[PDB]
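Everything below concerns the one structure shown next.
One-based numbering, in listed order, for ligands and for the atoms of each. These values consider heavy atoms only, across backbone and side chains, with no hydrogens, waters or symmetry-generated copies. So that the names make sense, note that chain A is the first sequence line, chain B the second, and so on, each numbered from 1.
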Amino acid sequence: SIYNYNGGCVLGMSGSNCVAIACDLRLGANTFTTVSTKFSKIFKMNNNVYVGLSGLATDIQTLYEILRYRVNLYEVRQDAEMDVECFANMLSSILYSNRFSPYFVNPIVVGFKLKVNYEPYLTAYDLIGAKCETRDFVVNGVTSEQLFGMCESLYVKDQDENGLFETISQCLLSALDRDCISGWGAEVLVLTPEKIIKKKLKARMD
Amino acid sequence: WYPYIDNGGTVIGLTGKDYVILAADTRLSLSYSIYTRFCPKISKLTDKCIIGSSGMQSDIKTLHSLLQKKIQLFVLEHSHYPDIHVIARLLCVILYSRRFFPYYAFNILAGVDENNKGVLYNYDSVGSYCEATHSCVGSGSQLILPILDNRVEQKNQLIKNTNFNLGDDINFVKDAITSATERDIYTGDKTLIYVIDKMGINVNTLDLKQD
Amino acid sequence: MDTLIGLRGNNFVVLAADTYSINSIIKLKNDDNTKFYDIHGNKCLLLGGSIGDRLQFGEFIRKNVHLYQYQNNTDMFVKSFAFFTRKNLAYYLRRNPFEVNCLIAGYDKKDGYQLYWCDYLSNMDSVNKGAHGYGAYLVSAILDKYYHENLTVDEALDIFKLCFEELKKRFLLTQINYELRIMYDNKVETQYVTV
Amino acid sequence: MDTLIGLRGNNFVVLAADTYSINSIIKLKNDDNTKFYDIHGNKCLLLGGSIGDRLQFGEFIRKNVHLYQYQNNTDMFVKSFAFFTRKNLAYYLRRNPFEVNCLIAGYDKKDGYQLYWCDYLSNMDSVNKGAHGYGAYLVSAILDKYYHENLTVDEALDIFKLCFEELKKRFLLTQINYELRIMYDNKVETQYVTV
Amino acid sequence: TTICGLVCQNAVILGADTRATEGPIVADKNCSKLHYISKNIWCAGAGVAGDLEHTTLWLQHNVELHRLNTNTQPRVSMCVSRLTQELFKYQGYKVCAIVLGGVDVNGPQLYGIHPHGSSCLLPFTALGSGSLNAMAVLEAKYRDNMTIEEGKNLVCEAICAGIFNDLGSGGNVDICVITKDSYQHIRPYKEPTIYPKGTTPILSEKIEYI
Amino acid sequence: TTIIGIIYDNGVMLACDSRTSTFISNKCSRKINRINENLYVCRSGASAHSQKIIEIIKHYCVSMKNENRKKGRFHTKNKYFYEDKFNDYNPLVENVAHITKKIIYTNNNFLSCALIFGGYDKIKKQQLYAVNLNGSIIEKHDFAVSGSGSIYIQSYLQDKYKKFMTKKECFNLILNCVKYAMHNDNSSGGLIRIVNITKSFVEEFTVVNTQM
Amino acid sequence: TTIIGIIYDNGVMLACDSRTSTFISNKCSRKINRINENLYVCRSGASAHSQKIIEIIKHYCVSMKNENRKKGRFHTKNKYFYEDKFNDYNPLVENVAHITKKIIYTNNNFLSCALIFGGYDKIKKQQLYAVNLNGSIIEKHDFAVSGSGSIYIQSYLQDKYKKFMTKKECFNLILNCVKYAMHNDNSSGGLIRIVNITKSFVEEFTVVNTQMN
Amino acid sequence: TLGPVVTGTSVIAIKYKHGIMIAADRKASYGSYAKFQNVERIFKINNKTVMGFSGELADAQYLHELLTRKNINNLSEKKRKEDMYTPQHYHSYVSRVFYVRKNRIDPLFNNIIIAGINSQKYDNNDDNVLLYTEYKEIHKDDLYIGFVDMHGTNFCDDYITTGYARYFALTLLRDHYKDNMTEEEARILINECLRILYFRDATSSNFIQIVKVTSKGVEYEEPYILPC
Amino acid sequence: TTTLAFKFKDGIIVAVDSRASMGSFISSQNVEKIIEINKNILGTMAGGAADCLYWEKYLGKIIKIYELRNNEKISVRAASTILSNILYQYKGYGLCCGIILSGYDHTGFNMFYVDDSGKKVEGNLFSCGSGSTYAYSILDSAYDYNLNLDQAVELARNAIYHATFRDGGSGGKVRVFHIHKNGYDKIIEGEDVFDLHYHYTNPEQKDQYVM
Ligand SMILES: CCONC(=O)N1CCC[C@H](C(=O)N[C@@H](C)c2nc(-c3ccc(C#N)cc3)cs2)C1
């Protein structure tokens, strides 16, 4: 399949006044050849919005460029930060506009909904653009089944930033050890309203 | 006419030093439709060995009956019951005999051997097999196997706790099949858990989500 | 069949490619010049695949980059050059795909000696080491073994020589003639290798 | 991919073949011994194509011919050997075809120095010069140009050297290693030629 | 999926389950399938999720624009006509089997629109993977005239039957009661470890304060 | 489907079943659609295509009826009369049937539907036009039948037909024809809808009986 | 094609057309074949399959009739009388029909013929059986119809049938049925062949007629 | 069979207080054409065993002849009533037949139900078996209703529906079936299920045949038309 | 998979991974790929696991029967010939085997490559599997006949590590056996490539390694 060519996966979880997004670091080639082990799949849109793109790497890059273009246009026009739900619906509309010539990407949106009350906000899509606003965790990629199993096994409601980091990191590492075409290091990225902590895990590079 | 179907379900297997647990759901379903809510997948071979399997139900039932018949003939002829390793090689040969029209059945052969040591043997359709400490087959297997890999071997954890016993392992398998029915549509209804110690087999049952 | 190799270090960036012009069951040339495309401002774009797509895409990128650099009176950054090339190759992916495998290389004051691997699907990433073709299979692991961050030019050339000897010894297409392209010390150089 | 060449005469019959053992996109060996199948009694069956079919067919023919020569206590004629090989290769053509390309060669007191060309379809005819593989496209006209009826062994070896240089220069599989057979003066000899 | 509709005394009751599966794996365990079109018009969808969601959003915004222009109550027939004309234009490649319901000047009105662009006024409808079980329960227990509560119980029973008898349908039960004066929506109508610190190794870490 | 039209001494009676689709997706579908007060049409084939041409022909018939108006003044059963007493401006059945022919013919490559138009008119009196799958119109001066079930009643209707049938016997004939087609055909069933079109009044009949 | 069999009081009447195949290859074909003096059979589907199973069944019926004999002494139309007055040894219709069903079912991978067996015997009186495409037998106690032209006369025959029809009205019904099927169907045409089977005598009628209305 | 031509529709079967009740409509469809509407679809294997089918009619007739020959083969080798074969034996035979046919990629295009009474204690019917010419309460564990699939998949339940009923009647059964049900309750439940099937299935009909396997043998009730 | 054998000064080294995967999903990282054919001949598995296991055990059975009949140990050449003919008999059936039979006999130290197509190639440096090209690149770039045992052992370990590193389909644990005149030795019974990565290419462990 087209998704087996490059592989890779993205994950996101929420906690108490914190929210984590995690991904692997690999650019595959012909489903078995590793050509890069730093191909980061998480991109920053604004301070309170992040996107994790998984699928075909060229479509990942084009979708990131298009979303950056639209987000920067919105911010310079309005002179304010984007709400996470607005970016979510914009991404859904952009995905559906290419209904019959799709970008082969399965994105997730992870951010803080402001009100000031920093609520977590997690959403996941497919190539068509069918959203699923999920309250605990969001999963996408070729390692989706392993990630779903690990997440329901290990998720606990209302963790702080630390326990959220160990939970999401263990989920990602255990899921990636059971996928052939995803791994070679892992980025974890824990957001809080006051700071942000990004770490590279010591993973199985094989 | 395509002669293969997948009847769904899942079969989890775990070992300790001197015991083996084998859980399996009892759902049977064609495709988004339930044949019945009780179709066991685990079968008894001897007083110290069981076989569970997932795939096409007719293949599983015929294979289990044939293996039981062969083991009984073995007992009648050679005058001693076979160890789990003998039954493992026998199952390998039986599955490879149909190498060019394979059984659509993935099996886990669980037992306790001569040395009172728990042994498992996971199988594929055409008879490749190996020993394992834990294993899983069926629709849910890609969910459960990362969980078992995390809990048992604990590769990615810097500080470990390898303090396992029968009750905690039973609870762990119950949680695993609970997550399986949670995220697998083909896993559900009652589940049967077989526990083999040095004394023999003991069967427990647990209701899961009827959905 | 078109083998490409590239290697990036702290004070160099080197490229290498087989000088074989192939047509059906014969070699048209042993001194093919259709692969490398050197670009002003210390840039190089190295292509494999079809000769026609090689010429068309390489000249399109070269003349567009030169048009930029003459319109704006400045040398384009290597990162900008690489992502411009990837965007252009991706624009034709779904309508008229160029079957070209790109290694971009260059020097920039902004980001040092840069190298970017990219394929016919326009999947691009920066790398310290890259290769393209069925020869890549046989050389990439060698580039893993002997690469360290503080290499010199001679050590990198020795690594490339070992890669060429591997391609001669083991690869089905026993390639023996290669053309290099060195970039170091604010220079660009060419070398031809027979091993 | 497997090149075979053979050249007849009045005082010699010479064979030559690339020594490349190949699988997928790699060379297993540069000293392949799976092609020549020299028989007792001044006879040779040089095969090309798949390694497995080469081994199976060559050993089948060789052991059957030896069985004949020990049962009857005599040397088999080269015409009989060639037509026996052709009939046996034809028998499997419709059932389970061996993808083997045959050059039979030998010496008889009856018919002199004989050479027979034959293909995987089992179409056979005697020739003064033959070749097999895609290299046959490139080493056929060289044999046509420089062959004359009264060649000596050295002139034939020079023609074969020119054929090998052509295969290096133009054929995309740049074959450089070859193994020969020389049937002359009532003796069989072997040689190895590089480039 | 089990989406279901029926028509009661001066009202229309829709109901649906809360499951969304990406093949054998359940993705969202409490998804929402009842979509707001207008204050007096609601719908439920089966088929491809993205086409359903974006067609429903397009229909809702077109209905709101028409309501602002004409300045009258939106009509069910208008939504049916717009949906059928949109669905046929793509020739069944917009996979949307949608049960529409509403109340207008012509009374209650329930329609079943099929993905190729054909509609049918009906007294009750069911669609989705678990459509046959809900249809069986509906044809068993539906009567000519009933109240809001009887129809709510019947819709809940049909969706529960689809939940239990179908593997592509599960979770809770949501319903929506659409009346002329207002609507009333119930999302959960029925509803039938901690790791140590430093256990996970890291290669690098860095903190930057926003 | 069993769609049938039968001319009698003072009008035309159209008749249809209700079963839409092994799975009976619907069992109350209104196949006989009202193009105009003096003109109806029976549908068979794909339902989406039939509904598309039905809405387009309703639009075209409204446009034609607005065009036909002249300047200045001149001069469970259901039933109603025509607002146009003298047929001063109602479009002809001929015109509607031929524009339907052209619509179905211009898009042969994917449209798959067969129609039976029936009505009354001041020029030609009562009409019946059968539009086939490729879009070929034939005027059936005695009767037209189409659908999967219509195959089982060709000899029955051909034997039972008379030239100048009374209303009662024509009603019995068309009712028994649709009943026999429903009995023999799995794809047709449900309640029978009949539309009788005359010079002055249209009437609608529903019947909820079947064969033995 | 149109093949019909209708039971009436003390008898059974089979009927068929003659047309074979857009180009009419043949126009005088005997589709009703005489398996035995008390048992006939109407053919439909491919002609080669029909002819081969029908001659195989003639061979089997000859073997059965030879084995049914007991030892010792006991006790333009055409008309024939049975040599077996009391049906001492003529095989039953059900036996022949069931062995035909087994023949067609065992080789149903390529056989594509449908048959209507009609006859009389002392046990079950007059008898009609219909062997379908895959080789399924059904006993039609009132009437059986098959062929491409039979679809146009299902409602006609169903409406016109009575339990205990006289010979004249049954003959008129079956003749008009085959005529209507020929009128509506392009695949059926030619002269009508009717075979009337009774307790004692068999009649074979040939009719030339068209449809006017 | 390469595929179905004259197809039979669904069958329903339940256990109740006195035995087994199995219902099937008498329609066999030739594509989308009700060619036959008086077809016997439930077969009597023996005095405590009946069979029903949904699928191609020729395959079902072949299987019925096979099981009939097995029944007379059993009856020939019989000395006491306990030598008779229960529905379990016939179910296993049909399962093995379907499995062997499935191995060759040449199935019987059918789904089969085998049902009856799985014990001899309740009557002495098989003391003198006759082929050519108050009830007792039977425990549910002594009754048997089986399912066999085209792939050879097979199982047992207190109530089995085969064919198009699997989505329509089964749901109702899974709400309404209860242990120790009377004849009237079973009859009205089966009639409701068949009414729903008739209203929402094209290939079905309203002309029903009910068969009761009770302590006094197999009983074919006279067929009837479902009211409304 | 990645299997890599090679002759050197003091016998033969054979080296394998242990990964086994059903497409993308990793099935088991503890598969025993080096099969002990007899006391001196070893074999290694590549491609289809069931076919390799079954036919290597069948070859072991045939070798045992031959050695018991004739009372002398078989050669690597004869075992290679028997395996090649057996595998060629199943041409056109879809087998997938790649095997490297190495060992010691009265002729000396011998090494052959066999596959399902019917090859019997003879060499001194072989490699098979998905990661065969990478292991060939490492081996040919540094192979020398006069290496000591430890030098050649680390060479084999490095080659297997690089093959597992580049190849998605090769990994798990590395197993390195050494064959000598009197038998063979398991110098590395099992070793995670995690430690090999963080020892060879990334010893600092201060940042993620970039290729
Ligand atoms: C219809 C059946 O449902 N689908 C199913 O069961 N699946 C597919 C998804 C992955 C599962 C899986 O990989 N399960 C592990 C525990 C297994 N491992 C093996 C195995 C066998 C031999 C060797 C060797 N040498 C290594 C591993 C056999 S099963 C197996």
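Heavy-atom distances between B:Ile108 and ligand 1 stay at or above 4.0 Å for every pair.
With hydrogens left out, the protein atom closest to atom 14 (N) of ligand 1 is B:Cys136 O, 3.1 Å, a heavy atom. I:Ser28 CB, 3.7 Å is the protein heavy atom nearest to atom 27 (C) of ligand 1. The closest protein non-hydrogen atom to atom 6 (O) of ligand 1 is B:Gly138 N, 2.9 Å.
Ligand 1 has no nitrogen or oxygen under 3.5 angstrom from a nitrogen or oxygen of I:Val31. Every N/O-N/O distance between I:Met22 and ligand 1 stays at or above 3.5 Å. For ligand 1, the polar-atom distance check finds an N/O of I:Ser27 within less than 3.5 Å of one of the ligand's N/O atoms.
With B:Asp83 as the fixed residue, the side chain to side chain contact (heavy atoms under 4.5 Å, CB included) test singles out one of B:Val112, B:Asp113, B:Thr46: B:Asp113.
Between B:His85 and B:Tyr121, the ring-plane angle classifies as perpendicular under the 30° and 60° cut-offs.
Listed for the E:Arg19 side chain is a donor-acceptor partner under 3.5 Å among the backbone atoms of E:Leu167.
For B:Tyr4 and B:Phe101, the distance between ring centers is under 6.0 angstrom.
Residue contacts with ligand 1, taken as heavy atom pairs separated by less than 4.0 Å, involve B:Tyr123 solely via the backbone atoms N, CA, C and O. Contact annotation for I:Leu53 and ligand 1: no heavy atom of the residue comes within less than 4.0 Å of the ligand.
Atom 1 (C) of ligand 1 has its nearest heavy-atom neighbour, among B:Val137, B:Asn107, B:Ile5, B:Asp6, in B:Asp6.
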Trace of the salt bridge (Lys or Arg N to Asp or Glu O under 4.0 Å) decision for B:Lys117 with B:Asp18: CA-CA 5 Å; B:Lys117 185 173 74 68; B:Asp18 312 313; over 6 Å; no
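Taking the ring centre of B:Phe172 as origin, the terminal cationic atom of B:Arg151 falls inside the region bounded by 6.0 Å and 45° from the ring axis.
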